[PDB]
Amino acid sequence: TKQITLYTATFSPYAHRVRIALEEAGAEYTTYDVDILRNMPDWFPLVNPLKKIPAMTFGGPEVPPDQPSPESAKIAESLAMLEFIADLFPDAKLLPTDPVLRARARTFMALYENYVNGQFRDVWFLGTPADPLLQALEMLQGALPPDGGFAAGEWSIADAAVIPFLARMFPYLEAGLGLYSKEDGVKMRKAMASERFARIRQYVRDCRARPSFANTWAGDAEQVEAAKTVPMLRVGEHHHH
């Protein structure tokens, strides 16, 4: 019954993670947009001293999100929020019950966070070479069950962790967003359409088809427009190797 407020931003894949999990949980929750990269409100460090989105408050009196209460628990870091939502809503089965299948979910989240996420960041924001990102995506694809299904078989928070980033990749590439070279843009678009990546394309389709994605996605073109507000995505700048 305790209130949940998620501070969010449309462009943010980290915040998208948590919206997906809250949808899958059937939770009652409030979202509040924060212009974190261009105009952070003076009160925002009260809900997250790290000054990052997402931020979550839990419990305390019901208050407007721009008047946060000292009495609410302040939860930081998207993957911590994913596990928190799974803990709060056990009947929603946001993780498997079998320990080995649960470990597949945790391993998948760690493979993404430790080896793929930084490659997405460095290719898009710094224009580093795309081959290491493609190699990391092929590795992550190899962790998926071959015949279909989600990271741990049944849908779990591991898939909430990963789909926000994979789903942005395709329309960002088509719109030319990112500081990578033309050559690497072509390389990535060809690779992600090639037979090499058939499995991860099916994974993306399967994740996007769920109501939790549809109800937390602004649409491809709208998400592209939101990403254009990110200052680090300096239009007209490209890096070459």
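From 1 onward, residues are counted along the sequence shown.
*Asks:* Tell me which stretch, 112 to 120 or 70 to 78, has the higher mean Cα B-factor listed in the entry.
*Replies:* In the deposited entry, the stretch with the higher C-alpha B-factor mean is 70 to 78.
*Asks:* With respect to the recorded C-alpha B factors, which stretch has the higher mean value, 10 to 18 or 215 to 223?
*Replies:* Averaged over C-alpha atoms, the B-factors run higher in 215 to 223.
*Asks:* Highest CA temperature factor in the entry: which of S156, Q135, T97, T107?
*Replies:* In this record, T97 carries the highest C-alpha B-factor of the candidates.
*Asks:* Going by the entry, which third of its chain does the Cα temperature factor of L144 land in?
*Replies:* Ranked within chain, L144 CA B lands in the middle tercile.
*Asks:* Sorting the chain's modelled residues by C-alpha B-factor, tell me whether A193 ends up in the lowest, middle or highest third.
*Replies:* Tercile = highest for this residue's CA B-factor.
*Asks:* Name the third of the chain's ranked CA B-factors that contains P54, choosing lowest, middle or highest.
*Replies:* Lowest third of the chain for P54's C-alpha B-factor.
*Asks:* If you rank every modelled residue in this chain by C-alpha B factor, which third holds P171: lowest, middle or highest?
*Replies:* For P171, the deposited C-alpha B-factor lands in the middle third.
*Asks:* Consider only the C-alpha atoms of the modelled residues in this chain, order them by B-factor as the entry records it, and name the third containing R201: lowest, middle or highest.
*Replies:* Middle third of the chain for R201's C-alpha B-factor.
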